[PDB]
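According to the deposited numbering, the sequence shown holds residues 1 to 37, 45 to 294 in order.
Note that the Cβ used here is the ideal one computed from N, Cα and C, for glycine as well.
Please read the structure below before turning to the comments.
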Amino acid sequence: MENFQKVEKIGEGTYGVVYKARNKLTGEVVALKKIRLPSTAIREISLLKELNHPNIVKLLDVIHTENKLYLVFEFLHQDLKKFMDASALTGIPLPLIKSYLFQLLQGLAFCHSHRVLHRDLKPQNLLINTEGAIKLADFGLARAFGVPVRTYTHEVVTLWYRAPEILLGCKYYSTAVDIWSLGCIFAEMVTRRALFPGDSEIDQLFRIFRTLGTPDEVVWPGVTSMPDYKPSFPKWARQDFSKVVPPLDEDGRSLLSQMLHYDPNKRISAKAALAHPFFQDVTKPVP
């Protein structure tokens with residue numbers, strides 16, 4: 001490319017490496033992602056150039072050159088995974104949990120209003136600044152290519168944040184998949200512990216059943232007709248959420264419960280969740 005100077009590698013996303021880089025012409029400091037290459048990828052990333060929102064990482068340009076796709080992004084400060092790790096002793100304060108959950112729902116509501124799914128929400132894919140904003144990153148190829156099992160580095164793509172409709176092998180995905188993922192992140196921010204740390208598809212599903220109870224045709228009409236559903240699934244009782252995410256207050260447990268509804272058609276929308284009593288006292292603090 002020979003137009004930007006790489007200052008440092010800052011990450012490996014699902015599809016490619018990411019560099020802090022400095023535009024040699026504009027002095028501009030960017031995040032530069034490089035994906036090794045097909046034409047469908049390029050056309051899909053181009054639609055992202057229009058998906059602008061304060062809670063989506065700003066895509067500044069897309070360059071198809073030399074069997075490579077470079078994405079130029081605005082430069083933020085750290086991923087949420089690092090901030091959660093850094094905070095494991097103290098715990099992220101609630102108003103900041105509340106602020107971040109508010110902003111992510113705002114980002115999802117925008118995406119979902121334009122029928123764009125993230126499909127791979129997780130702390131690794133959320134970027135914060137010093138200003139106390141949080142942003143959706145690493146999405147837009149999922150509609151076309153789905154979610155790979157592994158990264159370009161052959162790292163395992165975590166299942167901890169996958170909706171059960173996906174794990175049970177439904178091949179048509181609603182916006183509800185993102186709400187599940189965000190519910191998982193919410194609980195993790197509170198408890199400083201992954202809600203459903205599965206290491207396999209069936210291990211992920213059984214962790215979900217152990218906490219929320221095994222779904223049946225009552226809670227989830229059609230579920231036992233899912234492609235990968237087995238009548239031989241063990242039948243666990245639903246657990247008290249007071250056990251699951253202490254010491255989250257009643258409004259939090261109630262929002263979370265609606266975010267982890269088994270039936271994607273009963274699961275709260277981004278837009279509904281923004282109206283939830285849990286956000287009545289919402290503010291905007293910083294790390």
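Can you tell me where the beta strand (DSSP E) with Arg22 in it begins and where it stops?
17 to 23
Do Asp235 and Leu189 have their beta-carbon atoms positioned less than 9 Å apart in this structure?
no
What are the boundary residues of the alpha helix (DSSP H) that includes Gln110?
101 to 120
Span separating the alpha-carbon of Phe146 from that of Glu51:
10 Å
Assign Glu81 to one of three DSSP states: helix, strand, or coil.
strand
Alpha carbon to alpha carbon, what distance is there between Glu172 and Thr290?
33 Å
With respect to the alpha helix (DSSP H) encompassing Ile49, which residues constitute its N-terminal and C-terminal limits?
46 to 55
Between the alpha carbons of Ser264 and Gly229, how many angstroms are there, rounded?
21 Å
Could you compute how far the alpha carbon of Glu138 sits from the alpha carbon of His60?
16 Å
Can you pull the DSSP bridge partners for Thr72?
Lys75
So which of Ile63, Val79, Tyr15, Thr72 has the shortest CA-CA distance to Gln5?
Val79
Between which two residues does the alpha helix (DSSP H) harbouring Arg214 extend?
208 to 219
Tell me whether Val30 sits in a helix, a strand or coil according to DSSP, three-state version.
strand
For the structure I just gave you, are there three or more beta carbon pairs, one from the region 206 to 224 and one from the region 235 to 248, closer than 8 Å?
yes
Considering only residues of the same chain and omitting the five flanking positions on each side of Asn62, which have a CB-CB separation below 8 Å?
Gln110, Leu111, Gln113, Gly114, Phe117, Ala140, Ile141, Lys142, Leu143
When the Cα atoms are used, what is the spatial distance from residue 299 to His125?
The first residue shown for the chain is 1 and the last is 294, placing residue 299 beyond what the model contains.
Roughly how many whole angstroms lie between the Cα atoms of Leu54 and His71?
14 Å
Let me confirm a value: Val123 is counted as buried when at least 16 other C-beta atoms fall within 10 Å, else exposed. Which label applies?
buried
List the residues that DSSP assigns as beta-bridge partners of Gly11.
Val18
If you measure between the beta carbons of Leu133 and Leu87, is that distance less than 9 Å?
yes
Bounding residues of the beta strand (DSSP E) (the contiguous stretch that carries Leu133)
133 to 135
Paired residues, beta bridge with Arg157 - DSSP
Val163
Is DSSP giving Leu128 helix, strand or coil here?
coil
Examine the Cβ distances between the region 12 to 22 and the region 88 to 105 and report whether three or more of them are shorter than 8 Å.
no
In whole angstroms, what is the alpha-carbon distance linking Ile104 and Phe193?
7 Å
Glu257 to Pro241, Cα distance in whole Å?
30 Å
Excluding sequence positions up to five away, which residues of its chain have a Cβ less than 6 Å from the Cβ of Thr198?
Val252
Going by DSSP, what residue range makes up the beta strand (DSSP E) through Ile141?
141 to 143
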